[PDB]
Amino acid sequence: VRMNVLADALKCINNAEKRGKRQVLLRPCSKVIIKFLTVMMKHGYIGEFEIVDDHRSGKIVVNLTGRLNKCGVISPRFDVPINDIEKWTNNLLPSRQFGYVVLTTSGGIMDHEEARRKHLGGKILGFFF
Amino acid sequence: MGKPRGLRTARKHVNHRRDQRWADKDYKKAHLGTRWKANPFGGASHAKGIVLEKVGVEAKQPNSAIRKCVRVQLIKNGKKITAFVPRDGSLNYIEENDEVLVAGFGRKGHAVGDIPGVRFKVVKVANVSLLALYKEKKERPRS
Amino acid sequence: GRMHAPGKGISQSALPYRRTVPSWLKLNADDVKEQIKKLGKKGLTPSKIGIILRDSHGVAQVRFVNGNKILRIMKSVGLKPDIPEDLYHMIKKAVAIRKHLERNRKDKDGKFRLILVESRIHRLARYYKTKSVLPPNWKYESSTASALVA
RNA sequence: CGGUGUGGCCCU
RNA sequence: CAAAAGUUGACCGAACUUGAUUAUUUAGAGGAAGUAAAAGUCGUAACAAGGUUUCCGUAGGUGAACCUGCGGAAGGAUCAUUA
RNA sequence: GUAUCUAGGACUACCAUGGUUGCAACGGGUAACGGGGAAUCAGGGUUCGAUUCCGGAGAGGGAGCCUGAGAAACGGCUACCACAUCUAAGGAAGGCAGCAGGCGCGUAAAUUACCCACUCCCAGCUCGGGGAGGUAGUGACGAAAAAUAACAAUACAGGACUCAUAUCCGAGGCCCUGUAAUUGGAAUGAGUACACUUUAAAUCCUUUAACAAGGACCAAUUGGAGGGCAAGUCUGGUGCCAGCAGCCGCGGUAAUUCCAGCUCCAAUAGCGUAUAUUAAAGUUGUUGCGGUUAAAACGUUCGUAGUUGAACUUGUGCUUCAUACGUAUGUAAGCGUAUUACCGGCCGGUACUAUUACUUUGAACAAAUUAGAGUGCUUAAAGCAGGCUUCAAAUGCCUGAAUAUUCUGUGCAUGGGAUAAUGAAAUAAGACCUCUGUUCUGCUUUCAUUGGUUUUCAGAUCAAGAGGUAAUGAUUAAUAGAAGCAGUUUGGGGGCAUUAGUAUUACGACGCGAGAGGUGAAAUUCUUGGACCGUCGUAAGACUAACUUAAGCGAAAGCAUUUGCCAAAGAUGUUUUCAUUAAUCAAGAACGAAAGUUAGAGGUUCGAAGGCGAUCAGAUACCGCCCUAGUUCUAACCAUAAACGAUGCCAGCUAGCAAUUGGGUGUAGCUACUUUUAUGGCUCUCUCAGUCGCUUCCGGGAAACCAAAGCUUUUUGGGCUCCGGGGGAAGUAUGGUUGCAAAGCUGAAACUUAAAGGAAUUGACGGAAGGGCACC
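Residues numbered from 1 in each chain as written, not as in the entry; some residues may be left out. Chains lettered and ligands numbered in written order. Part of a larger assembly, values for the part shown. Heavy atoms only, no water.

Caption draft 1: Geometry of the overall build of chain C. Assigned secondary structure in chain C consists of eight helices and zero strands. Its helices and strands in sequence order give chain C the pattern α-α-α-α-α-α-α-α, from N to C terminus. Rg of the C-alpha trace for chain C: 19 Å, well past the compact-globule value of 15 Å for 150 residues, more than 25% over. With respect to the three principal axes, the spread of C-alpha positions in chain C is 60 × 35 × 30 Å. The buried share among the 150 residues of chain C stands at 23%. Within chain C, counting contacts between residues at least 6 apart in sequence, those at least 24 apart form 64% of the total. In chain C, 33 side chains carry a positive charge and 12 a negative one; their mean positions are 4 Å apart. (Helix = DSSP H or I, 4+ residues; strand = E, 2+ residues; numbered from the N terminus. Rg over C-alpha atoms; globule rule 2.2 N^0.38 Å. Buried < 20%, exposed > 50% of the residue type's maximum accessible area, 1.4 Å probe, protein only. Contact = heavy atoms within 4.5 Å. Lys, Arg positive; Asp, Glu negative; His and termini not counted. Charge placed at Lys NZ, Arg CZ, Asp CG, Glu CD.)

Caption draft 2: Molecular detail of the nonpolar core. Residue and element names in this part refer to chain A. If you look at the biggest cluster of nonpolar residues, it comprises 24 residues, and the most contacted ones within it are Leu26, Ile46 and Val62. Going through the elements one at a time, α1 (7-14), β1 (23-26), α2 (31-41), β3 (59-63) and β8 (122-128) are the ones with two or more residues in this core. Sort the elements by how many residues they give to this core and α2 lands first, with five residues. The contact partners of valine 62, leaving out residues within four places of it in the chain, are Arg22, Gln23, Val24, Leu26, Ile46, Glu48 and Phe49. (Core = buried A, V, L, I, M, F, W, Y, C linked by side-chain atoms within 4.5 Å.)

Caption draft 3: Quick peek at the sheet that holds β3(A). All names here are of chain A. Reading across the sheet, the three strands line up as β1-β3-β2 and stay open at both edges, with antiparallel pairing between neighbours. Pairing within the sheet leaves two strands with one partner each, and these edge strands are β1 and β2 (49-52). Each neighbouring strand pair of the sheet contributes to a mean axis angle of 15°, computed without reference to strand direction. Pairing analysis gives four bridges linking β2 to β3, with the strands arranged antiparallel. Across the sheet, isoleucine 51 pairs through a bridge with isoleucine 60, a residue of β3. (Pairing = 2+ DSSP bridges. Axes fitted to C-alpha atoms, helices over the stretch in contact; angles between N-to-C directions.)

Caption draft 4: Structural context of the sheet that holds strand β1 (residues 47-55) of chain B. Residues and elements named next belong to chain B. Pairing within the open sheet is antiparallel, and its five strands lie in the order β3-β2-β1-β4-β5. Each edge of the open sheet is held by one strand with a lone partner, namely β3 (80-83) and β5 (121-125). Ignoring strand direction, the axes of neighbouring strands in this sheet form an average angle of 50°. Pairing geometry for β1 and strand β4 (residues 99-103), over four bridges, is antiparallel. Counted as the bridge partner of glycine 49 is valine 100 from β4.

Structural data, given as structure tokens:
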């Protein structure tokens with residue numbers, strides 16, 4: 001059963017560049033997922049992604065540029081306040097230099113350093129580098 | 001393949017710890033409450049005992065050695081205690097039926113050297129500091 | 001998938017994209033609203049009501065010519081009976097268990113198959129118990145398997 | 001295609 | 001008028017004496033396992049095809065190790081053609 | 001209703017028949033007073049915290065109670081009970097877990113001190129008093145500080161240095177560097193003691209007159225020194241002795257581990273022992289491992305309590321400016337609209353809002369401790385002191401004693417509207433902003449005061465319009481799932497009739513002749529006239545071979561004669577229906593070949609056990625001969641197997657290649673003749689469910705092996721359950737629970753042990769395979 005519609009969508013992206021699949025056939029077009037792929041394009045991690053919509057769910061095509069290493073996911077959505085976001089950096093990132101964990105607070109979906117300027121505590125969905 | 005990553009699961013998830021505390025066989029050393037049972041002097045550091053008799057033990061194979069061991073009774077719980085003397089000689093420093101202090105043997109409770117069934121080592125005899133008697137720092141009282 | 005089974009197998013229909021075609025169909029939603037008053041009054045189940053309109057006339061999809069689901073098309077002219085249709089096939093399939101296994105016992109393969117449709121009632125009927133399509137204090141009893149279907 | 005058990009303990 | 005001693009009703013209830021009951025301990029003639037077993041006696045099971053191929057759910061039996069029958073498995077020695 | 005200062009099943013009486021629980025309730029168990037708090041590192045911590053702070057409790061065991069505001073008080077009393085007091089024998093007295101003492105006890109712990117100066121307290125009280133509280137003697141439990149000399153040439157050896165000379169070589173050598181009981185210069189303060197100081201007084205610390213080192217004194221060790229793990233293959237001694245030693249192992253006559261000496265080292269006023277505890281230990285783990293086999297998936301499938309759940313449910317823009325720098329966009333307003341109703345000058349006050357979880361800023365909320373901002377107590381550990389042209393007067397202001405984390409949490413405000421569910425309008429509310437009633441509940445004001453009488457008002461709520469504008473009110477059916485189906489069907493799946501096929505077993509009869517069977521070999525056994533043999537024939541019960549597959553069906557065990565029957569499932573087919581009906585799962589309910597029991601059948605092959613022949617040293621066995629339990633089918637009863645693919649199940653992706661099962665589909669295929677056709681067969685093409693095999697990671701593992709055992713890599717994450725932490729103790733005890741039994745679901749401990757094993761390489765061209773050699 002499709003338990004979490006978030007995480008299963010993430011991993012097949014990581015199961016593309018290893019054999020070098022420059023494209024991704026992807027399902028099933030949720031609006032929380034559409035709020036997420038542009039964050040990759042907000043730092044230029046993938047290629048062009050497009051979404052056809054059948055009148056059941058929709059499905060996603062994703063091209064890839066090949067700059068990724070691994071996108072990940074913590075499960076389920078742990079609740080994280082402001083004063084303890086830094087714990088989820090060092091356990092999830094290679095360093096403070098690059099990479100981005102991505103949570104979502106009551107204001108929306110963002111980067112952690114974006115959230116470190118927006119200052120509103122929220123829930124982890126995933127991470128990538 | 002298993003482990004319970006559900007969020008609202010914690011009421012399962014510390015019952016399933018304690019149900020497997022006594023698998024780790026070096027963690028029942030105090031948890032079952034047996035330190036008053038069979039650590040043969042009662043769960044303290046050392047034991048103000050009394051000498052019973054000098055016993056003729058033999059070392060483990062392939063080592064034909066005779067460790068010249070002693071028998072102890074205790075005034076704390078009153079059982080039979082088999083101890084061991086270092087630093088060859090000192091059987092003439094025993095002077096049997098003496099109020100003896102006896103410590104452990106330095107493995108947290110097992111047979112250490114080639115020496116079976118002896119889970120102790122002496123450090124004191126007759127309240128007069130057994131260790132410094134070979135180097136003759138303290139004069140040994142005889143009577 | 002395939003709950004009571006080893007198979008991963010998958011078989012279903014395939015609905016098309018648009019929601020109005022057949023536009024060439026001169027038939028409206030109104031004569032088929034009489035056809036359910038004509039055909040569905042003869043005791044037919046909501047599935048096989050929807051299969052005679054496909055082959056004969058043939059409307060591809062009544063959901064495109066009319067908005068309501070077909071039970072509501074049963075209800076809005078008054079053809080929803082007391083019993084939901086799909087368990088009514090299961091209980092008939094359940095009552096054939098107490099016709100084969102009443103005399104011809106030792107069929108523990110067949111006697112396995114009682115535990116399915118009793119469970120395939122009791123998980124399924126728990127859903128329809130909630131949805132207020134039949135009231136609670138509806139307990140399936142073993143003697144009732146004859147008379148619920150007959 | 002016939003049988004056939006045993007080898008005191010310790011030596012870079 | 002106040003008013004001691006003596007005391008009826010209770011009222012809570014010390015301690016006294018049986019019975020049952022909780023765990024920790026405790027004797028015990030014979031019974032029966034474990035390791036210590038290494039200088040003991042009788043065999044030779046298992047490991048090569050261990051010289052009778054092994055192996056488990058159980059039955060029945062002999063000093064033992066085991067043997068024996070039914071149903072299986074490859075940790076087998078057969079990944080095997082063989083028209 | 002009683003009592004009680006008062007709630008009250010507090011408790012009496014009358015009444016009801018309830019509170020509570022697999023979200024571990026009641027039951028026991030703890031070498032368990034809670035807590036503020038304490039110790040260790042990267043976090044998460046696991047241990048504890050008796051003990052100065054706070055709070056709750058007890059004064060031997062227990063229990064009543066006076067007095068007072070206030071005890072169920074014990075440095076108040078009473079009882080009894082325990083253990084002890086005195087007595088003239090009539091009586092009286094008793095709790096140190098207050099202080100300092102002893103006694104006992106156990107590894108285990110201080111003066112029968114001084115003082116009310118400090119801090120607080122007591123009252124009639126400035127004044128009295130307080131082993132509170134302060135100080136001292138006790139104390140290597142601790143923490144902090146820091147003495148063992150410093151300096152000189154010669155010296156004696158090494159080097160640079162100048163230089164002879166250079167595979168060599170020395171001298172000018174020499175800042176240096178050592179050894180120097182060589183020589184010193186002797187720098188000094190602990191000891192030392194006037195006086196002083198501080199103190200209730202006194203000591204001690206600081207200050208200090210007089211004292212104070214050629215060391216032998218003014219004198220540091222404790223443990224090591226084979227490897228771990230730092231540093232004599234020095235010596236004597238010793239000979240598997242004594243020992244050593246955490247482990248690995250050293251000692252068996254020329255010892256690197258023993259005993260000494262030797263030097264070397266370690267840390268140093270500290271070293272060591274044992275003992276619990278955390279770290280090492282990512283070997284208690286969510287982060288953070290493991291399950292093919294190294295320890296390890298219930299055999300099984302459903303199945304609630306569990307727990308986790310699809311998607312879909314108001315916004316990008318549009319214009320401008322603050323604004324980065326023609327450009328950008330991260331800014332606010334306008335603009336695709338409750339951007340709420342009103343009075344105010346865009347701007348104050350007021351009408352006035354489906355929730356949670358979550359997070360926002362917070363509020364409240366002892367310190368002390370931790371962290372710590374300040375801060376030259378001589379420094380530190382402290383501690384909150386003190387700093388200050390002031391130098392010639394001090395009037396000399398202040399800084400202070402902060403700040404948050406353990407002041408974790410729940411809950412009590414507020415921000416915010418992502419995530420996470422919940423939440424309307426389908427036996428009918430779609431609304432009416434509302435003049436609103438075709439309800440009625442009135443409700444208080446003016447009728448100076450007051451009501452009989454009724455309207456405005458109806459503060460209003462409950463009928464109520466045909467004041468019905470009403471897109472009037474129902475998300476897609478998921479490569480979710482379930483049901484449906486001319487459906488075409490499939491299969492050694494089941495049930496249940498009915499049925500076939502050779503053997504074999506004797507038997508029957510004929511035939512013929514003395515052998516037959518069996519073994520490595522024989523023997524046990526059959527046979528004079530008729531075995532074994534040939535032959536037909538009668539039954540008889542078991543089995544359903546061949547066809548049998550790296551086929552298939554089934555959930556797994558298992559499951560093969562025909563044919564009918566009675567069903568049920570899976571797969572494709574489907575522009576059927578349904579609207580999340582879900583996945584997996586403690587407890588639990590169906591099913592599990594035999595083996596094996598419980599009565600009742602039926603008896604063929606065979607057959608544990610039991611006899612007998614060989615063989616052997618023995619055979620109680622491997623081989624034979626006989627039959628016995630039983631396999632057989634009916635009725636049930638245990639329910640375990642290596643019940644194995646030694647790998648649980650459902651969602652996704654990632655690689656081919658080749659077979660083959662079904663179902664589809666295209667032959668722009670042949671073939672078949674009923675005819676070119678038709679149904680039909682095969683071949684090709686496509687297709688889903690695959691399952692097998694093979695290929696190579698280019699994945700992963702310790703490897704063989706693996707397409708999943710991969711995606712558990714980056715100290716990682718798709719869900720859910722059991723389940724392992726070294727051996728052997730041991731799947732044994734002890735009880736429960738279940739069985740008619742044999743037995744199962746269940747499952748430890750003292751003790752004992754340093755290894756048991758995981759794959760792989762090598763020794764076996766060590767009676768083991770294949771091929772080749774001499775009269776060892």
